[PDB]
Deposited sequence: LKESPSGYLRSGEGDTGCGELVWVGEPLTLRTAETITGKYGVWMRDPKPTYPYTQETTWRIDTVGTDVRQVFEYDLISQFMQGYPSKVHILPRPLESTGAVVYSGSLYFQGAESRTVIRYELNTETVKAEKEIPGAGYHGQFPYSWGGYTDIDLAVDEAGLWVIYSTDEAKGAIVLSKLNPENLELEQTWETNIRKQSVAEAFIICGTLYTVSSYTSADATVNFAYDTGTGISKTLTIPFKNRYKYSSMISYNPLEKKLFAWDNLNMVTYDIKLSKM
């Protein structure tokens, strides 16, 4: 682990064929858990988002033929969901509740109202929408990024116990959530993306959970169609940026 020092140029990943009509944001598990593997893919059905497609083999994923279709027990608020350690973690629609849905048993194993978190457009990033609550995974596990009335719109982040969703540790930054386009976590440091609509953007803030200090940064971050979501995969050590149909990757290097 270490501080982020380099971000590569965006590299396009080959998009799966859209013939079967399933082209929502997809994700993999950075802690693959039997019966799944590092190659298992999940795709959120992009309405009242209620379906998640599961593809055991990349061959099936690229053909658009899921190995399993999960009907979620509640609707999703956002695409800021993550798969980690065998569970889908997502925000219930029109709520501040995070839900742990164990994928192979199709069982809700935990629910947690994030205390005081704004939802449904109260604390978005810089470009509106319902991005108030943002789940993230890094080398240490599961996190949630949000804000509260108490924090006055500043980014708040909490480390989540992946079994029962307890908030094991919480930090209040001094970074206004609305002042940045999105945030992600690498090795316990929160980073923010300055903008998705400026071609020559930056990673422009870093908040270190080991020190409680936020700093400005100017690491070049190139936007080459606008990305609508970004997610760090700590198993692959890359950022995955989604544009509503295609996925691009950004290689990263740390001060390891």
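Counting the deposited sequence from 1, the stretches lacking C-alpha coordinates are 1 to 17, 64 to 65, 244, 277.
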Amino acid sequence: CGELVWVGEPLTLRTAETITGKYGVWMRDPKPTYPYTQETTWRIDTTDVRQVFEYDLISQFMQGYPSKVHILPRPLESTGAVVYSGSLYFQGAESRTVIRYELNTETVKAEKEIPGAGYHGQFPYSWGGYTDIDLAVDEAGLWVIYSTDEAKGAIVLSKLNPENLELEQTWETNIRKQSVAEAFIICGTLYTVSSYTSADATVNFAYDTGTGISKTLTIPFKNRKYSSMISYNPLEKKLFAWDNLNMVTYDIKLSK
From here on, numbers count along this sequence of modelled residues.
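Per the PDB record, of the two stretches 70 to 78 and 129 to 137, 70 to 78 carries the greater mean B-factor over its C-alpha atoms. If you average the C-alpha B-factors over 152 to 160 and over 104 to 112, the higher value belongs to 104 to 112. Taking only the listed residues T33, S214, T189, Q63, the entry reports the highest CA temperature factor at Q63. Sorting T41, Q51, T209, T37 by the CA temperature factor given in the entry leaves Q51 at the top. Placement of the Cα temperature factor of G118 within the chain: middle third of the modelled residues, per the deposited record. When the modelled residues of the chain are ordered by their C-alpha B factor, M247 lands in the middle third.
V193: CA B factor lies in the lowest third for its chain, per the PDB record. For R28, the recorded CA temperature factor ranks within the lowest third of the chain's modelled residues. The PDB entry assigns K22 a C-alpha temperature factor belonging to the highest third of its chain's modelled residues.
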